[PDB]
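*Asks:*
Number of protein chains: 4
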Amino acid sequence: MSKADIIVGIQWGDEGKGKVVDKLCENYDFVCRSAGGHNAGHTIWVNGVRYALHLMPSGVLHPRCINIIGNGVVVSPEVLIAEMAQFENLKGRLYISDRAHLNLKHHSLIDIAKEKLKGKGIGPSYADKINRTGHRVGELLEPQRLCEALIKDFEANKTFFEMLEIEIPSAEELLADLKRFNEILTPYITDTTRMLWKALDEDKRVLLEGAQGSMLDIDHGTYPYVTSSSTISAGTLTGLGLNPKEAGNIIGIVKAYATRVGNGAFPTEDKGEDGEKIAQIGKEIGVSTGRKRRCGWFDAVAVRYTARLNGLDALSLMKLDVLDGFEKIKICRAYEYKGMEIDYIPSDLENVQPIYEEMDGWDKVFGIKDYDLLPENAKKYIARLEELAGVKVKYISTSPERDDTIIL
Amino acid sequence: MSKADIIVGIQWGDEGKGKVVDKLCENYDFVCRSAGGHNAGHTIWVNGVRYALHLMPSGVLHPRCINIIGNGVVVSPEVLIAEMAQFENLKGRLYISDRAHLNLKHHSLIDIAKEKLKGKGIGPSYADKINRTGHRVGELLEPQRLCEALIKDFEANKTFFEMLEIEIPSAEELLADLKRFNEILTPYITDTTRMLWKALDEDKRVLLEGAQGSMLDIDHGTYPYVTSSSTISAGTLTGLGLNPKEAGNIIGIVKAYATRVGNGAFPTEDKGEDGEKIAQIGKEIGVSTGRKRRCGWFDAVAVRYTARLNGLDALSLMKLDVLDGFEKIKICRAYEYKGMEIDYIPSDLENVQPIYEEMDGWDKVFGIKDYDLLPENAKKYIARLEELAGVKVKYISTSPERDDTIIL
Amino acid sequence: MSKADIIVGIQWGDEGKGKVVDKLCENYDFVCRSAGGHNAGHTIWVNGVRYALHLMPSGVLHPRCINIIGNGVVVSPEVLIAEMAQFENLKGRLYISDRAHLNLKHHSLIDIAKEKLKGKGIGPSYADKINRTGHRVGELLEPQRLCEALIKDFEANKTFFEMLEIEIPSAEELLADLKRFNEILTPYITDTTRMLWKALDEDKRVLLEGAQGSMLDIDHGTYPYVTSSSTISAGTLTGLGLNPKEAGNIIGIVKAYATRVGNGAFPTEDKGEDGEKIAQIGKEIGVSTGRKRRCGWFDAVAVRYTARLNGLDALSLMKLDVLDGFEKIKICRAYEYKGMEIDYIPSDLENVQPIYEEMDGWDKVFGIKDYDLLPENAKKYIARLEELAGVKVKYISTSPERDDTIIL
Amino acid sequence: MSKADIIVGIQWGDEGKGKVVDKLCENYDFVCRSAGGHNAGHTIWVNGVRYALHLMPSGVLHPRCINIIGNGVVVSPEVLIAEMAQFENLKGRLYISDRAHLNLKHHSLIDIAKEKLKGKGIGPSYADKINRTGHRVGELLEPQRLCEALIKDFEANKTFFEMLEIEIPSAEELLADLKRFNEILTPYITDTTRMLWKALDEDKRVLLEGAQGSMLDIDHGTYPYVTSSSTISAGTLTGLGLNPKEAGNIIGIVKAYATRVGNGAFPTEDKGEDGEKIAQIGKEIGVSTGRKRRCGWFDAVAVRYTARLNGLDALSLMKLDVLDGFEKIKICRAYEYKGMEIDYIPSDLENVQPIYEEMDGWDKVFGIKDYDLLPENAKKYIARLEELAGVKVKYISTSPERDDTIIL
Ligand SMILES: [Cl-]
Ligand SMILES: [Cl-]
Ligand SMILES: [Cl-]
Ligand SMILES: [Cl-]
């Protein structure tokens, strides 16, 4: 069986995949996205230019790569077309599953009204997927048919629209948008299951880019604050129509400390000066809001958990430099839970307290390209993570520069 | 003195300028925007394609036109660059005032945090204009200088940023965005006052597109629900550096009934079935929210007021067909205010009640291209508006089709 | 019967249509090209930008216009795609006849080899049209089928390829180009006869742009130096599938003097200083070679001939200023042919000698916008042309500026 | 001293660099072009799309790469802008030497007239370089100044223009083109010597792409049929302002047989069926003319010569499969010259006759990825080339597929 490698962020997201996935792409013929909406992915700076890949697989920055958006992705044609515009010609380089669900204008309108009543459109688009009332990319090949079906849907749903105080979308406008999507996307729409199976049959090199944090997995992450989809490696197989025998090497991507964007259990969070420092140095700041992210110490219990959920062959450790010059650093080696010490991630994480090992910091790992040259305390910290995680660290990034990486 | 014609919406906006301004552009060498941010303008459908002109003057759809964004406009480079992308080449067709104020990323972030604490960035950008702490388009010609100045500004303001819980913007990111704006916008940035004066000196044909509803004028509109800027015709002169002797023909654009998007005094609002019908037939629905706009009967007191504020030579009456098949239609000829009948717009409009004339409806004006062929009741309604407004109606639009228009 | 207006150059080309057609377009819903390859049309400068319309109708500079490339045109997909790239979005604005003949790469290769043996590809593409072995635009909707058919054609023709010493085109390359043409052109390809008939049925305004000089007409022009196609007005009807009852107003475009680009009979040619002056002032210089065109005095015999061939309602007289400051100007009022004076264009034009009237020049018509203000000698010259041509002059252009035009 | 690697074609061109350079680029930070005009480079197919890099370095297909067009290149702004259009955004990825010579419209016109009198514009642009009358890229930063200087040049040269029968270029047109070049190219124009020196100082990875066949070198190639510039490795250093100490690894690219496009000495040419077969299988066919290239057996004397001229560390052997199924293959191991056997390339190559070794062919090397799996006769042929060339073969390409390559 010819196999696909897999790469996933094993935290709450922002593990810094981009530097990693981007370097790796050169070695693959196919780069594939599996699940999630456009809440996934990342932005990446290349030679001073900002690239958004929320929908598109990272391989689109490597013209040799063929990039597949799989059955599992929830695709907004608007967001996709806007991302495509960052490139001159993607034909032959980008294929979109005819089975991927559409997140259309009306999903955004529904989403907005719902927030009032208390990545737009993703939730309602997923809902329509699960209720099997939504429509899929292949239907864009028949805009007039799709438009008529949608109009029928809205009618049948009119009380839902009234309850949200939004009018039934215009048929004229809808047809015009659908025709536009048809004209633009037709050359990219294909059966991606057939194509990906063919690639593996021909022994081509295939990378699956898991697009979201393992701790955000709908089943295994810290529920309710999680995404709507499976984020772990077997989920990546599923969204692409691949089977467990087709899983190759699997690399987890992990920061040397932890962050969360929103609310939800965060055992190792540091609300004092250490955390604040991490936030500044690590630049963990929402691009859209300018808000500082929540920051905390490396959580080895959470990481061991997601390592096992993903079946990691290797860890790629990021932003180690962000800890330069800390006198002491913490690792959470276990939890205090309901009066006991536990080694695992319980379903109610809000009830655990971190149990820390303290370790001696270092002056600088920043920029270092050679393992031996690392501050001895940094070597100890790395070895301690590896040990607690249960997975070898094969990659260390000592700075934002693509060039500064240590290989083990 | 060689003169510039002017066109303004004389209601609360959405008067339907686009059909009007677009037809007129063919006859002008220069089309100019004066004030406001990107909350102004409109979108227009051409041969099935949706065009956003919020920032850009409508003349950009007529390659013969030179389009000026004046000193008075508050320009977001991001929004402007995105609008420009709808066109292949605007060089020589589009010029941006080096004196126009910049609405940058940080204004959006400020704007968002401010909403929490209770067209992004427009308010804070205007505030920086009035406090004379903001920066202007010409400064983009020196990105490094502008970047340094902005960094200094943020530092001096750091407590304001702390109070909003948003971090000081990255210097690296800022320089990169400013350099990008510089590289892209350099060919369009010029002294627009010198250029427009030259055009009039050479007896070129000039149209000023007022971009916002007269009833939304900051001074004369229904305060607090108004925009931040002057919307009436003399304001249009001011934003472009033009003097009262340079005002030509001035056309007001008015719907055959009235709408408001948000809250605020609306004397002629109809919250019953008539209003609902108007909303549906007139398609008065927020493009972004799908929410029905507030609708009401033509207000002749408000229209006489804005006609005089603008110094209208002529009215262009829009969406007359939206009243097809009403048995009876209303016109508000006066108000009941503090126990009296009044003929004017008082500063506190929330205290007036409409005094209506009722008039007999008609079956169809829809599609009619000849004045004589109009239902006699429609002729009476038109004559009655003209009389109450104090301005001749020179244009009647009987449907969305560019072709269906009556000239008087 | 609802009708299409027509505009044609009535000389040997370069009559200066662009200023004329461009001004007129604003008044039409449809602008149509009829016959010829990409040897037709012109380039036009707008606000300092150079636009090539060889294939595309001039109406593409007026987003309100719908532009039709008719059955009669010989379309090179490469040249067409390159012209389209001057615009951001033409969808809904540009339609290409599914019956138009394709001028493909191999026609260019054939064309080149044929020149050796003694607008590339046009001749061989026309030949394939007349022999009914060529393929048409609609076939691009099935690239694989078209590719297979072409391969079969080449095989059957292999001795022709051997005789030209060019190899049989690659099937792989051909499929790739055809697929590309398919992906790009699909949204523009339609039945243009049905569409144009519908437009006239709906009483839409239609302009047919004749793309080549009447004296270059294959039947009526100076043979052998002529184009391969009919250039006169009834030919314009034919290429679009229109009937004689559908012909509206017909405007001929004529320069105040005459030019020819290549060899061939040119009765009024002036090979001395007068001609040289005309060439310089009129800027009659090949854009691609920098070669001076042949120039000569107005030929009233040729113009009366093409006026009658076209059925002109009106003349539009161009570049009158180019004669400013001539002490004397000539008009050829008749010919000396085989010992007689003749009033007509004989089939062998190389055998005629011009018979001139001499007339008094003027100082300047340049820039003049008012008929009355014209130098009296210029009025006399204009009246004399009109008289000899048999058609009223309704348009006079006194300079390159769009604004400088006199209407009669 | 930090060093730049170099890659050159060591034949008459078409050695098949693209597959090679493209694979290598992923490993470099900078990819640089040194000399030549747009007669150099190649086209490359990526995932079914045709890319022209005549001017641009091959690294532009790898967004991580920074691409430098060096002092030595003769740059046509038109050709460069057209090549750039194949990409959406090159800012930060492409820099053009402010010292590179300009090949402008008038050079093309001169070039055309000169052919009459018996990659347009290249020759006359080079001539202007050598006579020190030409202008360079940096001058585009002052279009008005450059335009004035050029006008002065043309005047001083007017008899040259008269002798060529082409008019003095329009000042208006020239300014408009120069302004356009200025607006478009400003963000890419820099001092490339300073930039490249900085890169090496910072120990960045640098590849120099030699753009033309070593046997076409102006000094060392088969004169008069050669290009105008130095094509060998030290020439590549010179065009970029690099010194001999900065030369790294140098890879020669060589086909398993030989081709020439035009006339000129070609010792190993085969004008019979063997050569014809090579031409068909190797697809050696002019893309623009469809003409079969001249083909011949591998010339070991020529290859040893260019290996030494370039200082090759390694050979990369291409199109070995094109010889599949030949019963016998030839290698030219020496020449008969003026009655003697010689081992070197004499200045008059038209006077040598090939002295062949004959060797046993093989069935298929096509597609083979493993050295050991090669037909034993193929191993012998490879070993024999290496031996005669004096350079190890480190790369073997067994087919067009990027994937089919053997590494030694
Ligand atoms: Cl691209
Ligand atoms: Cl455009
Ligand atoms: Cl456009
Ligand atoms: Cl790109």
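Chains as they are written, first to last, in the numbering used here: chain A, 27 to 434; chain B, 27 to 434; chain C, 27 to 434; chain D, 27 to 434.
We treat Cβ as the ideally placed atom computed from N, Cα and C, and that holds for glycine.
For the alpha helix (DSSP H) that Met241 of chain D lies in, which residues bound it at each end?
*Replies:* No alpha helix (DSSP H) holds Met241 of chain D; DSSP gives it neither H nor E.
*Asks:* If we count the other Cβ atoms within 10 Å of its Cβ and call it buried at 16 or more, is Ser314 of chain B buried or exposed?
*Replies:* Classification of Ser314 of chain B: exposed, given that the 10 Å Cβ count is below 16.
*Asks:* Take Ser123 of chain B as the anchor and find which of B:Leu79, B:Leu266, B:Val46 has the nearest alpha-carbon.
*Replies:* Closest option to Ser123 of chain B, Cα to Cα, is B:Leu266.
*Asks:* Express the C-alpha separation of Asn53 of chain C and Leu87 of chain B in angstroms, rounding to a whole number.
*Replies:* Spanning the two alpha carbons is a distance of roughly 15 Å.
*Asks:* How far does the alpha helix (DSSP H) with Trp223 of chain A in it reach, from first residue to last?
*Replies:* Taken as a continuous stretch (DSSP letters only), the alpha helix (DSSP H) holding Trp223 of chain A covers 218-227.
*Asks:* Taking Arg317 of chain D as the query, report the chain C residues whose CB atoms sit under 7 Å from its CB, ordered along the chain.
*Replies:* Near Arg317 of chain D (Cβ distances below 7 Å), the residues of chain C are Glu191, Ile192.
*Asks:* So does the region 412-419 of chain C actually touch the region 198-217 of chain D, counting three or more Cβ pairs closer than 8 Å?
*Replies:* With a cut-off of 8 Å, the region 198-217 of chain D and the region 412-419 of chain C do not count as touching, because too few Cβ pairs lie within range.
*Asks:* Going by beta carbon distance, what residues of the same chain come within less than 7 Å of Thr218 of chain A, once the five residues before and after it are set aside?
*Replies:* Result list for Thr218 of chain A: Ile94, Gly96, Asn97, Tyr121, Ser123, in chain order.
*Asks:* Looking only at its chain, what residues have a beta carbon closer than 7 Å to the beta carbon of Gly290 of chain D, apart from the 5 residues adjacent to it on each side?
*Replies:* Result list for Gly290 of chain D: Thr248, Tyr251, in chain order.
*Asks:* Whose CA, out of A:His64, A:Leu399, A:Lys271, lies closest to the CA of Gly149 of chain A?
*Replies:* Of the candidates A:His64, A:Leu399, A:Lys271, the one whose C-alpha sits nearest the C-alpha of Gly149 of chain A is A:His64.
*Asks:* Helix, strand or coil for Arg330 of chain D? Go by DSSP, reduced to three states.
*Replies:* DSSP places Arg330 of chain D in helix when its eight states are reduced to three.
*Asks:* Given a cut-off of 8 Å on the beta-carbon distance, is the pair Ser84 of chain D and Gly261 of chain D in contact?
*Replies:* Going by C-beta atoms, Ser84 of chain D is not nearer than 8 Å to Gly261 of chain D.
*Asks:* Which residues, in chain order, does the region 99-131 of chain A contribute to contact with chain D at a C-beta distance below 8 Å?
*Replies:* Going along the region 99-131 of chain A in chain order, one finds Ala111, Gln112, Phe113, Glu114, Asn115, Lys117, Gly118, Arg119 with a Cβ nearer than 8 Å to chain D.
*Asks:* Is it the case that the CB of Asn73 of chain C approaches a heavy atom of ligand 2 more closely than 7 Å?
*Replies:* Not so, every heavy atom of ligand 2 lies at least 7 Å from the Cβ.
*Asks:* If you check the beta carbons only, do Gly239 of chain B and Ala284 of chain B fall under 8 Å apart?
*Replies:* No. Outside cutoff.
*Asks:* Would you mind reading off the limits of the beta strand (DSSP E) that contains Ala360 of chain A?
*Replies:* Per DSSP, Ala360 of chain A belongs to the beta strand (DSSP E) from 354-363.
*Asks:* What does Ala340 of chain D pair with, by DSSP beta-bridge criteria?
*Replies:* For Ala340 of chain D, which the question treats as bridged, DSSP gives the partners D:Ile277.
*Asks:* Below 7 Å on C-beta distance, what does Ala202 of chain B contact in chain A?
*Replies:* Simply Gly74.
*Asks:* With a cut-off of 8 Å, does the C-beta of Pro213 of chain D fall near any C-beta of chain B?
*Replies:* Cβ-Cβ to chain B under 8 Å: yes for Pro213 of chain D.
*Asks:* Between which two residues does the alpha helix (DSSP H) harbouring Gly265 of chain D extend?
*Replies:* Note, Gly265 of chain D: alpha helix (DSSP H), 259-266.
*Asks:* Relative to the C-alpha of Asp31 of chain C, which residue among C:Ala108, C:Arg317, C:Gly278, C:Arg330 is closest?
*Replies:* If we check each option's Cα against that of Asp31 of chain C, C:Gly278 comes out closest.
*Asks:* Give the list of continuous beta strand (DSSP E) stretches no shorter than 3 residues that lie fully inside the region 114-176 of chain B.
*Replies:* Runs found: 120-123.
*Asks:* So, does the CB of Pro426 of chain D fall closer than 8 Å to a CB anywhere in chain C?
*Replies:* Taking Cβ atoms only, chain C never reaches closer than 8 Å to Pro426 of chain D, which makes this a no.
*Asks:* Give a yes or no on whether the minimum CB-CB distance between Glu199 of chain C and chain A is below 8 Å.
*Replies:* Not one chain A Cβ lies under 8 Å of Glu199 of chain C.
*Asks:* Measuring CA to CA, which of A:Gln112, A:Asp243, A:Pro380, A:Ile432 is closest to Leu399 of chain A?
*Replies:* It is A:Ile432 whose Cα lies nearest to the Cα of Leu399 of chain A.
*Asks:* Would the C-beta of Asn115 of chain C count as close to ligand 3, meaning under 7 Å from any of its heavy atoms?
*Replies:* Yes, the beta carbon of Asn115 of chain C sits closer than 7 Å to at least one heavy atom of ligand 3.
*Asks:* Could you say which of C:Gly393, C:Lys395, C:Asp389 lies nearest to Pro401 of chain C if we only look at CA atoms?
*Replies:* Considering only alpha carbons, the answer is C:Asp389.
*Asks:* With DSSP collapsed to three states, give me the class of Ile107 of chain A.
*Replies:* If DSSP states are grouped into helix, strand and coil, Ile107 of chain A belongs with the helices.
*Asks:* For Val329 of chain C and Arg317 of chain C, I'd like the C-alpha separation in whole angstroms.
*Replies:* Going by the C-alpha atoms only, they are around 25 Å apart.
*Asks:* Who pairs with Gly35 of chain C in a beta bridge, going by DSSP?
*Replies:* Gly35 of chain C is bridged to C:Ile279.
*Asks:* Based on the DSSP output, what are the partners of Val57 of chain C in its beta bridges?
*Replies:* Bridge partners of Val57 of chain C: C:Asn93, C:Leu233.
*Asks:* Using the C-alpha atoms, what's the distance from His133 of chain C back to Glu353 of chain C?
*Replies:* Each residue's Cα considered, the two are about 50 Å apart.
*Asks:* Find the nearest neighbour of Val327 of chain A within the set A:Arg119, A:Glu413, A:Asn183, A:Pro426, judged by alpha-carbon distance.
*Replies:* It is A:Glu413.
*Asks:* Rounded C-beta distance between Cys58 of chain C and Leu234 of chain C? I'm assuming under 8 Å.
*Replies:* Indeed, because the Cβ distance is near 5 Å, the residues count as touching under 8 Å.
*Asks:* Please confirm if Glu209 of chain A has its CB atom under 8 Å from at least one CB of chain C.
*Replies:* So, interface residue.
*Asks:* Are the Cβ atoms of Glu272 of chain A and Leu226 of chain A separated by less than 8 Å?
*Replies:* A contact, by the Cβ cut-off of 8 Å.
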